[PDB]
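Engineer: Questions regarding the structure given below will be posed in turn.
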Amino acid sequence: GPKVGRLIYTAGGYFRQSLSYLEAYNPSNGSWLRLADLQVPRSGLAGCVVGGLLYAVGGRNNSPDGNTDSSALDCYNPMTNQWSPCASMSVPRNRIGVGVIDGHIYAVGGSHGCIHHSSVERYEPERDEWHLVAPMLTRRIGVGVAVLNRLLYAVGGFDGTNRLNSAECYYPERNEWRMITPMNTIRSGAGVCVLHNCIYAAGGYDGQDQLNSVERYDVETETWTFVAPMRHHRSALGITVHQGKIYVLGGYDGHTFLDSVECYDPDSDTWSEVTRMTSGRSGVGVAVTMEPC
Ligand SMILES: O=C(COc1cccc(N2CCC(C(=O)O)CC2)c1)NC1CCCCC1
Ligand SMILES: [Cl-]
């Protein structure tokens, strides 16, 4: 089916305060477009796409005048270059993870003030409704989430006391979570995505440093294996997959809010630096959909 005309969208983020930017990168020509701002600036949000619409989920608006954790779900239509509110979640979720299974959005974990959630809820676009599902076995904020073979994975994060190397899997037809093999590295605020038969965890903070290492979980063999490291150490990086490659966007390296975007080729096991965002930032949401009109 059609593959051309897709862009990598980055929404929100953090640099000095939370940001409202929506910008889209075209890998086929290197261009960036600035599109309609989010209604509310947010960092620590997640992006995903269902039915060609881009959704921005959760986060927090940090500003000089305070911090407000977000329960929002907002949907951006590339055909109109407009955002519309959707039904809000049961609870604010900053530093959230999301995944999509069969047209439904799962919102996982995140914080609300000092509350570190284990709760999980599922959005039905056809009905514009959220409903809670079974909670995780561990409270997780800064959690990485990805979907492979219609199973939902929650990887790493911070439980309110410790940063985590643990990970777990949600089996929808049983409404049940089970632990999987833990990662080799503690990772809070890693980029987590799916490519081929593996769940990749790139970067993050281990409690001591921002990481450039990357490891992948083979869902058949249940092992975690390191791949080539990124050029940059990064925590709170954006991540997505497009045409068989992983793209990582921004993050914090311990010194700078990065503007660089790196791309991982699994065939050569190498990372290359492919572009730069218009400004450095961390805590963005990222997803792929059609270019706007
Ligand atoms: O960009 C943001 C806000 O969005 C996110 C999004 C995803 C994860 C995180 N955290 C990173 C550190 C982790 C940890 O410390 O364990 C906990 C999770 C933050 N916040 C910035 C981060 C860089 C420093 C300045 C604030
Ligand atoms: Cl998605």
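In the structure tokens, each chain is lettered A, B, ... as it comes, each chain's residues begin at 1, and ligands are numbered from 1 in order of appearance.
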Range 60-273 of chain A: which residues are strand (DSSP E or B) by DSSP, as an MDAnalysis selection string?

Structural biologist: chainID A and resid 60:63 66:69 73:77 82:85 94 97:101 104:108 111:112 115:116 120:124 129:133 141 144:148 151:155 158 163 167:171 176:180 188 191:195 198:202 205 210:211 214:218 223:227 234:235 238:242 245:249 252 257 260:265 270:273

Engineer: Grab me every residue within 8 Å of ligand 2, counting only C-alpha atoms and all ligand atoms, and send it over as number ranges by chain.

Structural biologist: A: 47-50, 99-100, 287-288

Engineer: Can you write out the residues you just picked, keeping N, CA, C and O atoms, as a PDB file, in the first residue's frame?

Structural biologist:
ATOM      1  N   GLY A  47       3.175  11.317  21.189  1.00  0.00           N
ATOM      2  CA  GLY A  47       2.454  11.372  19.933  1.00  0.00           C
ATOM      3  C   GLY A  47       2.155   9.986  19.391  1.00  0.00           C
ATOM      4  O   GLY A  47       2.896   9.034  19.626  1.00  0.00           O
ATOM      5  N   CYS A  48       1.058   9.875  18.666  1.00  0.00           N
ATOM      6  CA  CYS A  48       0.754   8.655  17.931  1.00  0.00           C
ATOM      7  C   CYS A  48      -0.215   9.018  16.815  1.00  0.00           C
ATOM      8  O   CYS A  48      -0.771  10.118  16.773  1.00  0.00           O
ATOM      9  N   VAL A  49      -0.441   8.070  15.918  1.00  0.00           N
ATOM     10  CA  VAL A  49      -1.290   8.309  14.762  1.00  0.00           C
ATOM     11  C   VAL A  49      -2.284   7.173  14.632  1.00  0.00           C
ATOM     12  O   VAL A  49      -1.908   6.002  14.722  1.00  0.00           O
ATOM     13  N   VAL A  50      -3.549   7.522  14.425  1.00  0.00           N
ATOM     14  CA  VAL A  50      -4.595   6.562  14.108  1.00  0.00           C
ATOM     15  C   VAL A  50      -5.440   7.156  12.991  1.00  0.00           C
ATOM     16  O   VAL A  50      -5.897   8.299  13.098  1.00  0.00           O
ATOM     17  N   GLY A  99       0.900   3.609  23.143  1.00  0.00           N
ATOM     18  CA  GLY A  99       0.981   2.642  22.062  1.00  0.00           C
ATOM     19  C   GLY A  99      -0.392   2.486  21.454  1.00  0.00           C
ATOM     20  O   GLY A  99      -1.403   2.715  22.114  1.00  0.00           O
ATOM     21  N   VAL A 100      -0.425   2.077  20.188  1.00  0.00           N
ATOM     22  CA  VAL A 100      -1.660   1.870  19.438  1.00  0.00           C
ATOM     23  C   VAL A 100      -1.807   0.395  19.105  1.00  0.00           C
ATOM     24  O   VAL A 100      -0.896  -0.208  18.528  1.00  0.00           O
ATOM     25  N   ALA A 287       5.514  11.265  15.885  1.00  0.00           N
ATOM     26  CA  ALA A 287       4.802  10.233  15.145  1.00  0.00           C
ATOM     27  C   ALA A 287       4.872  10.561  13.660  1.00  0.00           C
ATOM     28  O   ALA A 287       5.328  11.633  13.264  1.00  0.00           O
ATOM     29  N   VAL A 288       4.419   9.616  12.838  1.00  0.00           N
ATOM     30  CA  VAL A 288       4.540   9.710  11.388  1.00  0.00           C
ATOM     31  C   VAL A 288       3.160   9.687  10.764  1.00  0.00           C
ATOM     32  O   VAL A 288       2.364   8.780  11.046  1.00  0.00           O
TER      33      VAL A 288
END

Engineer: Can you work out which one of A:284, A:202, A:105, A:57 has the shortest atom-to-atom distance to ligand 1, counting only C-alpha atoms and all ligand atoms?

Structural biologist: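 For ligand 1, the nearest of the candidates is A:284.
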
Engineer: Write out, as a Markdown table, each residue of chain A that has an atom at most 9 Å from ligand 1, together with the closest pair of atoms and their distance in Å to one decimal, counting only C-alpha atoms and all ligand atoms, rows going by chain and rising number.

Structural biologist:
| residue | atom | partner | partner_atom_place_in_ligand_line | distance |
| --- | --- | --- | --- | --- |
| A:13 | CA | ligand 1 | 1 (O) | 6.2 |
| A:14 | CA | ligand 1 | 1 (O) | 5.1 |
| A:15 | CA | ligand 1 | 25 (C) | 7.6 |
| A:16 | CA | ligand 1 | 25 (C) | 8.0 |
| A:17 | CA | ligand 1 | 26 (C) | 8.8 |
| A:18 | CA | ligand 1 | 3 (C) | 8.1 |
| A:42 | CA | ligand 1 | 3 (C) | 8.7 |
| A:43 | CA | ligand 1 | 4 (O) | 5.0 |
| A:44 | CA | ligand 1 | 4 (O) | 3.4 |
| A:45 | CA | ligand 1 | 6 (C) | 6.9 |
| A:46 | CA | ligand 1 | 6 (C) | 8.5 |
| A:59 | CA | ligand 1 | 4 (O) | 7.5 |
| A:60 | CA | ligand 1 | 3 (C) | 7.8 |
| A:94 | CA | ligand 1 | 4 (O) | 7.6 |
| A:95 | CA | ligand 1 | 6 (C) | 4.7 |
| A:96 | CA | ligand 1 | 7 (C) | 7.3 |
| A:97 | CA | ligand 1 | 7 (C) | 8.6 |
| A:141 | CA | ligand 1 | 18 (C) | 6.4 |
| A:142 | CA | ligand 1 | 18 (C) | 3.9 |
| A:143 | CA | ligand 1 | 8 (C) | 7.2 |
| A:144 | CA | ligand 1 | 7 (C) | 8.5 |
| A:157 | CA | ligand 1 | 17 (C) | 6.6 |
| A:158 | CA | ligand 1 | 16 (O) | 5.8 |
| A:162 | CA | ligand 1 | 16 (O) | 8.2 |
| A:163 | CA | ligand 1 | 16 (O) | 5.9 |
| A:164 | CA | ligand 1 | 16 (O) | 8.7 |
| A:187 | CA | ligand 1 | 16 (O) | 7.5 |
| A:188 | CA | ligand 1 | 16 (O) | 4.5 |
| A:189 | CA | ligand 1 | 8 (C) | 3.8 |
| A:190 | CA | ligand 1 | 8 (C) | 7.1 |
| A:191 | CA | ligand 1 | 7 (C) | 8.5 |
| A:204 | CA | ligand 1 | 13 (C) | 7.1 |
| A:205 | CA | ligand 1 | 16 (O) | 5.6 |
| A:206 | CA | ligand 1 | 16 (O) | 7.1 |
| A:207 | CA | ligand 1 | 16 (O) | 6.4 |
| A:210 | CA | ligand 1 | 12 (C) | 8.7 |
| A:235 | CA | ligand 1 | 11 (C) | 5.7 |
| A:236 | CA | ligand 1 | 7 (C) | 4.2 |
| A:237 | CA | ligand 1 | 7 (C) | 7.1 |
| A:238 | CA | ligand 1 | 6 (C) | 8.4 |
| A:251 | CA | ligand 1 | 1 (O) | 6.9 |
| A:252 | CA | ligand 1 | 23 (C) | 5.2 |
| A:253 | CA | ligand 1 | 23 (C) | 8.2 |
| A:254 | CA | ligand 1 | 24 (C) | 7.9 |
| A:257 | CA | ligand 1 | 23 (C) | 7.5 |
| A:281 | CA | ligand 1 | 1 (O) | 7.3 |
| A:282 | CA | ligand 1 | 1 (O) | 4.1 |
| A:283 | CA | ligand 1 | 1 (O) | 3.4 |
| A:284 | CA | ligand 1 | 4 (O) | 6.8 |
| A:285 | CA | ligand 1 | 6 (C) | 8.6 |

Engineer: Write out as a PyMOL selection string the residues lying within 10 Å of residue 223 in chain A, counting only C-alpha atoms and excluding same-chain residues fewer than 6 positions away.

Structural biologist: chain A and resi 180-184+198+215-217

Engineer: Let me see the file: selected residues, N, CA, C and O atoms, as a compact mmCIF listing (two decimals), in the first residue's frame.

Structural biologist:
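What ended up in out_20.txt:
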# COMPACT_ATOMS: atom_id res chain seq x y z
N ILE A 180 8.56 -9.11 31.69
CA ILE A 180 9.46 -9.72 30.72
C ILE A 180 10.88 -9.63 31.25
O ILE A 180 11.12 -9.05 32.31
N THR A 181 11.83 -10.22 30.53
CA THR A 181 13.23 -10.10 30.91
C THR A 181 13.58 -8.64 31.11
O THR A 181 13.22 -7.80 30.28
N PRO A 182 14.28 -8.28 32.18
CA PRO A 182 14.70 -6.89 32.35
C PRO A 182 15.81 -6.51 31.39
O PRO A 182 16.57 -7.37 30.91
N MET A 183 15.88 -5.23 31.08
CA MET A 183 16.99 -4.72 30.31
C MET A 183 18.32 -4.90 31.02
O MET A 183 18.38 -5.05 32.23
N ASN A 184 19.40 -4.80 30.24
CA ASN A 184 20.72 -4.80 30.84
C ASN A 184 21.07 -3.49 31.51
O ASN A 184 21.99 -3.47 32.33
N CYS A 198 11.87 -6.66 17.11
CA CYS A 198 12.43 -6.23 18.37
C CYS A 198 11.90 -4.92 18.89
O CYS A 198 11.53 -4.02 18.13
N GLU A 215 19.71 -0.91 23.28
CA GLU A 215 19.54 -2.36 23.35
C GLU A 215 18.17 -2.73 22.81
O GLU A 215 17.24 -1.92 22.79
N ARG A 216 18.04 -3.97 22.36
CA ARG A 216 16.82 -4.43 21.74
C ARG A 216 16.41 -5.78 22.29
O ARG A 216 17.26 -6.66 22.51
N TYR A 217 15.10 -5.92 22.49
CA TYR A 217 14.46 -7.12 23.02
C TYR A 217 13.84 -7.87 21.86
O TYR A 217 12.96 -7.35 21.17

Engineer: If we count only C-alpha atoms and set the cut-off at 7 Å, which residues sit around residue 280 in chain A, ignoring sequence neighbours fewer than 4 positions away in its own chain? Please answer as a list in words.

Structural biologist: residues 250, 257, 258 and 259 of chain A

Engineer: Just the selected residues (N, CA, C and O atoms), exported as a CSV table (one decimal), in the first residue's frame, please.

Structural biologist:
chain,number,residue,atom,x,y,z
A,250,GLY,N,16.4,15.1,19.4
A,250,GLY,CA,16.6,15.9,20.5
A,250,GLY,C,16.9,15.1,21.8
A,250,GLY,O,17.6,14.0,21.7
A,257,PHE,N,20.5,20.9,25.4
A,257,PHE,CA,19.3,20.4,24.8
A,257,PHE,C,19.6,20.3,23.3
A,257,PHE,O,19.8,21.3,22.6
A,258,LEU,N,19.6,19.0,22.9
A,258,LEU,CA,20.1,18.7,21.5
A,258,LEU,C,19.1,19.1,20.4
A,258,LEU,O,17.9,18.9,20.6
A,259,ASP,N,19.6,19.6,19.3
A,259,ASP,CA,18.9,19.7,18.1
A,259,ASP,C,19.1,18.5,17.1
A,259,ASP,O,18.3,18.4,16.1

Engineer: What does the structure give for the distance between CA of residue 201 in chain A and CA of residue 273 in chain A, in Å to one decimal?

Structural biologist: 18.2 Å

Engineer: Check the smallest atom-to-atom distance from each of A:193, A:101, A:54, A:35 to residue 240 in chain A using only C-alpha atoms, then report the winner.

Structural biologist: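 Result for the nearest residue to residue 240 in chain A: A:193.
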